[PDB]
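Analysis of the macromolecular model
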Amino acid sequence: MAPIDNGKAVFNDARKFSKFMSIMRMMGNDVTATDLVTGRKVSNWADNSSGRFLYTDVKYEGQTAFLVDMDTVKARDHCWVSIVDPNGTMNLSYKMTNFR
Amino acid sequence: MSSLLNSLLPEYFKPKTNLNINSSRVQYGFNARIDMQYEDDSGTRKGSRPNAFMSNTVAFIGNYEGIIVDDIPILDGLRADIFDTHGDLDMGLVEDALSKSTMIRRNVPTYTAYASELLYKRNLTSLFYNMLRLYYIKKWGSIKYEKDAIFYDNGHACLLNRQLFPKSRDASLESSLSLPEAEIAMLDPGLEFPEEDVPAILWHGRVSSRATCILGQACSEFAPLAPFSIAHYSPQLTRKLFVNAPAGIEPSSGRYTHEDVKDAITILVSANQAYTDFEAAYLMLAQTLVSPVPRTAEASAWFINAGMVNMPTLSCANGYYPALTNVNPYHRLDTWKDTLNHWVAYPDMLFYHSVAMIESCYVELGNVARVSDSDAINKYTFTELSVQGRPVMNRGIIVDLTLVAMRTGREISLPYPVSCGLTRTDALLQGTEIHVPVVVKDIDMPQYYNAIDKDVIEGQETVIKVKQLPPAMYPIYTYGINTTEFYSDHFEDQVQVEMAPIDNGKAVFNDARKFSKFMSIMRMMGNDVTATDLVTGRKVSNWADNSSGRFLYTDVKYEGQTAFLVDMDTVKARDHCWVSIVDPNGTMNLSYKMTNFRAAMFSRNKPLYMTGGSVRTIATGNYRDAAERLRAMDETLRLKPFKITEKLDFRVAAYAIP
Amino acid sequence: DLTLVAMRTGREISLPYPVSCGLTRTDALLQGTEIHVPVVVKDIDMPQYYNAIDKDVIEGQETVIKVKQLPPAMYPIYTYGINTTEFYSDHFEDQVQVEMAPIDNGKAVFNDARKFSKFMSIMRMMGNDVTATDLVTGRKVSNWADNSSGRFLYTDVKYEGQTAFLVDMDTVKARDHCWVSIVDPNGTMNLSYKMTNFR
Amino acid sequence: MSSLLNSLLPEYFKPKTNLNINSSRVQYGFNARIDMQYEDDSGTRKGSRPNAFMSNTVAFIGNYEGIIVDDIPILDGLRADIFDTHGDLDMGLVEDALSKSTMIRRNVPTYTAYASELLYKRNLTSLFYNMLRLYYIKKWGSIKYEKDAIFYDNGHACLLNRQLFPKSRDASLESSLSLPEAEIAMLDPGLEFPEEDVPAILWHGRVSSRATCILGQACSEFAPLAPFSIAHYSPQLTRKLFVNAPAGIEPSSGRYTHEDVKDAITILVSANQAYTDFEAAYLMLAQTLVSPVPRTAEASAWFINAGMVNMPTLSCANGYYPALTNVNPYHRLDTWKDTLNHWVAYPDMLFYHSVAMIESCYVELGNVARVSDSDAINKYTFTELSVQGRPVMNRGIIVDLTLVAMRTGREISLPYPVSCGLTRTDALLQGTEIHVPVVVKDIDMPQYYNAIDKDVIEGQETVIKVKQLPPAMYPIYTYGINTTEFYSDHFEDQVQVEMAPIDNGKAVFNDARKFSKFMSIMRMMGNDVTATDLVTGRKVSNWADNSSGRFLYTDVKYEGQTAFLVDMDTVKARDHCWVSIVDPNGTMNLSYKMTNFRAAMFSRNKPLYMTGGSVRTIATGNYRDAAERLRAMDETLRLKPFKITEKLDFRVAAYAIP
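Notes on the structure follow.

Conventions used here
Residues numbered from 1 in each chain as written, not as in the entry; some residues may be left out. Chains lettered and ligands numbered in written order. Part of a larger assembly, values for the part shown. Heavy atoms only, no water. Residues with missing side-chain atoms left out of burial classes, pairs and counts. Helix = DSSP H or I, 4+ residues; strand = E, 2+ residues; numbered from the N terminus. Contact = heavy atoms within 4.5 Å. Rg over C-alpha atoms; globule rule 2.2 N^0.38 Å. Pairing = 2+ DSSP bridges. Axes fitted to C-alpha atoms, helices over the stretch in contact; angles between N-to-C directions. Nonpolar A, V, L, I, M, F, W, Y, C, P; charged D, E, K, R; others polar.

1. A few points about the overall build of chain C
When helices and strands are counted, chain C shows three helices and eleven strands. When the elements of chain C are put in sequence order from the N terminus, they spell out α-β-α-β-β-β-β-α-β-β-β-β-β-β. C-alpha extents for chain C along the principal axes are approximately 70 × 45 × 35 Å. A separation of at least 24 residues holds for 72% of the contacts in chain C among residues at least 6 apart in sequence.

Now the structure itself:
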């Protein structure tokens, strides 16, 4: 987790940003970040049907740095696992069973 | 002492750097998961509590008073050559040290005579204490104290801030104090006779316009309006304060930021080599900073009488004789600069260390209060048996660090036997019932609380009687590090009790231990049971404290022997898991497991989130380039722990040597 | 002054008498406060680069710059590559690898602070005027911030924060003589130099 | 001698440097745990006092009068060359030494002739004694003396300060003395013939402005208003005092602090090489610093007439012969500098050394007064047999040191047989009746005390006839180290009083020894017993003291035949923490046990705490090992480097040791 200065966490790397928003989606937290180069808002809740986050939802080929809004983290779908305030190194281990 | 108080925090919790406190009240706890399993003669039942919040409440309100007393000198920072082969200050070598470091040798006989009288009273702990308090007044200077607010509120009784704190008005923390300024004069080199009862301190370069105003206000009298923990009444330290600065000091500005106070402390320590003096002041503030909000109405008896804060007398002779302080300082421990290096990096970490300390003290005093006054280790003679040094008096920090040793069960050690800070054991050491003033909210108040007036009306101000002091706080951070039968703060436990025969709709519990186990089970299942004490004729309830979800035997509010008549027909269903049953039959077995701990803090009925980055560890090893451990274990303070040995009575606690 | 020389060369300095006389340099450092240096402006677009007190200043006005952290006053020249540190980067041989894909239209973001310093420095040896812009704060830095040494130290940013430097590689201008040209790059870039003899 | 007075202090006593005295009365003692037991045919009754305070009251008042006597010369200090094999001034080597020096050639023959008389004038004890008194007058200057104050009070008889000390005005210690200054002239090196009956001293460099004022007042008449112990009457030591200082004597300042007197002493001892002279002055002041408040009303006979202090005449001829004093002096004992080095380090330790000496003396004079004249070692001839030296006259320090030798039971050794200081054994050797004045409180006084009148109305000034001197102090510091059966200062003790049921409580003690132990142990148990003598018809009460809480046999105030009727149905419970004797039948068995000891001091009915550093046992070796060490680290400024180390961030720098 990046240091939360005021109420904003800067994610300079591309891979780490993809893993962060992928975790927060599985927990069920609608996080909204601002792309600094373009100046357009990205959201992990882009597709409702398939419950996963792809990096192409940013809608900008090339290199950039994201400013994540940690104060406005809405609670759409909450299991007992779901937390709002991450601290340090985040570990999420999930298992999928009972397909029908 | 950072490394000591840092150890008290639980292994799972590692707090972040910053914490934006915006209120006079903070809840702290954890969200655990409980997996209960019930078995009796009727059959078996299995349940699971998915989210359970166990928390205490701590506030920034506490009536304290300062007294100036004479304490031991801290001989750390002085050059290593003046000390002989042993750890003793020889005046034979002070004459030599001052002689070799000057051209004008006429002044050596005069210099030696004055130095011998002043070196045995050097202590900067009181100056750093006030400088630290000024830092936190400016930082958290938007906390409001309202006079007609609530202090404790259960439903039957209520305590307002008008009571417990008379002679108070409504004010913010910045608006509480209007500090005057003491004269910061310049010491011209050439003055031959040191003026008596005025300390002189060294400084790096020019004294800044802002640094003058801080030193001026730090020495002045503190006279508060609102009762605040970090703005308590303190006497005037000094009238004058000389500063041996090569470049002349600037006049006082009047205004300063909280950032400017950090720059003032960092320079003052580095120049004077007063690192151990800062460590004393750091521990001394950890006691005062926060005060507990009482668990029950009876636990307000602790905070009626104003506790005395023993501030050492301010004396220093570095400004007059700068030859004695050189590049090779004398220190007992090699980890003697850790506490300052910790504070300057992470200032807001002191909040967590303070909560950890005051919890450990007020938890263990819960046991010491229940000890009978006819044993080897009792309330009078527990400190004297524990300490293995030679302090001036068993007061202040020595009392508090003795209770931390008894809690954790480890040997705590300081380099100097300092006796400075708050003494808590004042309400305890007196054979008198304490008169807590309370307000009546419901008409049926006299049935529950031991009130003076047996007939009351909603709005009346009455008084309740407290004979034995109940526990003010429940273990939260120190949960399961060592488990006593009284608190019963286990991770895994199998409680077994035999149900009494239900005659009409009432079950008589003659024994004291069996009654404690019964109501402890029914609470974990979530059944609000109400029993009648037969001797007194007053109603007890297991749902006394809502915050911490456990039952202590002190909720009965009657020291001595009795028999309870439990009402089995009027067993209400407040919180029901699948485990929860109403009709027990035969021998009751409850086996629970606690897993998935995660710390959470609440402030003003919303979640308080930690900001900033992750705290990286700063810590120095036992050796830098030192060959032989010259033990020097004669002057050093050592505090030995005591283990609680459970016995048949259950109402009485007893201590033994491990 | 002698203990600072001992740290630089990495040897043991011995004097016969422990005499304590002369100039004391470490004065502004130990204070640990803001210093207000006066300046007279030339251009009108000054306060974007320098941490100035005013945001709009007409030419020929006397302004003030707020300096918090003290930048190095001299670059190592006589003590060049005898006790080398990665801050100054005073090596004989050095190289940097900036990784770009053709999908990116010249625009590269330096997540790392260390290789950003080496890129901006070697580009100045090659006689190229690069102007990076910080994405978080919104300030600008120029590699041409000296007319003596001809190197870029990281303290020329005049701000300690998070590292996200956007450099647009179609606004690179050839300034000096005896220079290599970057007309239109595509793929991974590899810069390198070698200093052989000294006079 | 610091060494021998240090050994007198108890083992449990751990003294600190500073002692903040703010009154003219101190109750030094210890807290002990007494486990009392009363066994009888009916059953056993157990008691336990956890904090029992046994005290001896010590004041700063006492009438003394100085007289100038002729004493032996102290030859320690002069160069070792002029001395022969036997250890006396071989004149012929003196003439050789003066010839081969920096002296004026025309003065050699005339100065050598005078040497025979002047070189045997070496005694600076009188000067050091007065300069030590000036140190303590300015330090503890704020202590007060009221005229109409209570010197002693036991309920029945009262003794005021007006009674013992007439011609006495109430004033503070600082405002008591108004010392006029003696002339301090500069010695002309080119003087024709030395002026005998005018002492000349040496000095290092320049005599400071304050040193003139101190030496001026030290060599002057002490004419006090209030009867203080450290400001007693002393005659004029000398009219004029020469000082051989090539650097001119500055004129008198007028004012000086207590630190400036330490500066004056350290220069005087070092220049003159007079350490044995200081050791004599230290032991002199140890006797006459504090006087004991009498234990009983009839124990005031010791302090009626003023005891004479023997001050040896001020005589020094070092100023006339500078060549004979150098860096290689002649000394008898190797540990000859230990007494000065101890005082310079710990000045306030003299208070503890003083009480240790007077408590040792007045205890032994208690059990010396109770021996018949027809014996080998008796009242008159106890000093002669003990002394194995050649003093001028058995007075002053010889009589006090021989009493300490009897108490501790060890061999006391001094380098020179000096006979100077206070003589205590004055009222004893007279062997006559002493008439102490008393003001009565009750009307039934003259049954208890041997009064002059048989009927006396309250508020009348009467006289008590004291024949045998009772003990003035009870042993406290010397408790159970050399135990006697008179004081009965055992840890464990028991008494068996044999009674039959036919006797209706009334017991007759034929034995005197077990009567004393019965009456004493009953007072520990807090019972007011009143026995009546059958032969004479007088009465005795065990409650005859409010400090120690013991009954000595000298409280009967009569030597005759022993037939004490005690009625055991008139026993009254007086104190708290007491065992009750409701109705005894058969044989009684009383017993007690003292287990642990903790040092305690009281002043103005409040606890007086010791502050400052930890006092050590300074040895001659502990300083001269640092002289053997010399700090042999070649004084060469070797600066070691630090290699910078780069890590992940690179923004911040990190230095390593190698």
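2. Here we look at the overall build of chain B
Secondary structure summary: chain B contains 14 helices and 29 strands in total. In terms of overall dimensions, chain B is globule-like: its C-alpha atoms have a radius of gyration of 28 Å, near the 26 Å expected for 658 residues. The principal-axis extents of the C-alpha atoms in chain B amount to approximately 100 × 55 × 50 Å. Sequence separation of at least 24 residues holds for 82% of the intrachain contacts in chain B that already meet a minimum separation of 6.

3. Remarks on the sheet that holds strand β22 (residues 506-509) of chain D
Residue and element names in this part refer to chain D. Taken in spatial order, the four strands line up as β22-β26-β24-β25 in an open sheet, and their pairing is antiparallel. Strands with a single pairing partner mark the edges of an open sheet, and in this sheet they are β22 and β25 (539-541). Mean inter-strand twist for the sheet, computed between neighbouring axes without regard to direction, equals 30°. By the bridge criterion, three bridges tie strand β24 (residues 530-533) to β25 in an arrangement that is antiparallel. Considered in β25, the bridge of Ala-531 is made with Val-540.

4. Topic: the arrangement of the chains
The chain pair with the greatest number of contacts, out of three pairs of chains in contact, is formed by chains C and D. If you take every C-alpha in chain A and every C-alpha in chain D, the smallest gap between them is 15 Å, and the two do not touch.

5. Let's talk about the interface of chain C and chain D
Between chain C and chain D, the contact holds ten residues from the first and seven residues from the second. Only α1 (2-9) and β1 (13-15) of chain C provide two or more residues apiece to the side of chain C that touches chain D. Residues that form the side of chain C that touches chain D fall into these classes: seven nonpolar, one polar and two charged. Alignment of β1 of chain C against strand β31 (residues 637-639) of chain D, held across three bridges, turns out to be antiparallel. Bridge pairing in β31 of chain D places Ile-13 of chain C opposite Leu-639 of chain D.

Any functional reading would require information that these geometric values do not contain.
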